[PDB]
């Protein structure tokens, strides 16, 4: 339409952790608009051009001893150092989920406001597992350090039927079981 012109620049200093502190990897990304043109990979140890737009940057950054040494050391001063603070805060955050069944013929099991992301939801009709008519949304990120997931079950409810939703989460010692009975 009548959109103004815009030029975007991004820089991302990303750390990848595995096996606690055993495996650490640093990848800094220099992005013009949405094109990553240069990067530093700690597994490589030098800057590399990603597109024809960053040979001048990679050659200059690799020729400057101060830049390459500072970037090489950031695997310890940034990734490993800040991870020790994650062990004491983020990696210990446990928020237990709230499980609710709502009729919609569809039956929706809502699992809301939990952290971390690992979650397990299963449907049962009279203690027998249901899989054929089960839809689950992807993990919904609320953006406030809590997650959400919706698991729906297509049902033809009879009399005496007891539909249950079984939920497992790392913050729970036992699974949460919520029942639902037709009226």
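Positions refer to the first chain, counted from 1.
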| property | result |
| --- | --- |
| Residue gap status of residue 158, at least a third of other entries | yes |
| Residue 126 unmodelled in at least a third of other compared entries | yes |
| Residues of the deposited sequence left unbuilt between residue 93 and residue 92 | none |
| Per the entry, higher mean C-alpha B factor between 48 to 56 and 135 to 143 | 48 to 56 |
| Higher-B stretch (mean Cα B-factor, as the entry records it), 10 to 18 or 167 to 175 | 167 to 175 |
| Residue with highest C-alpha B-factor in the PDB entry, from 110, 82, 71, 105 | 105 |
| Residue 114 - which third its CA temperature factor falls in, relative to the rest of the chain | middle |
| Third assignment of residue 150 from its chain's C-alpha B-factors | lowest |
| Cα B factor band for residue 43 (lowest, middle or highest third within the chain) | highest |
| Third of chain Cα B-factors occupied by residue 28 | lowest |
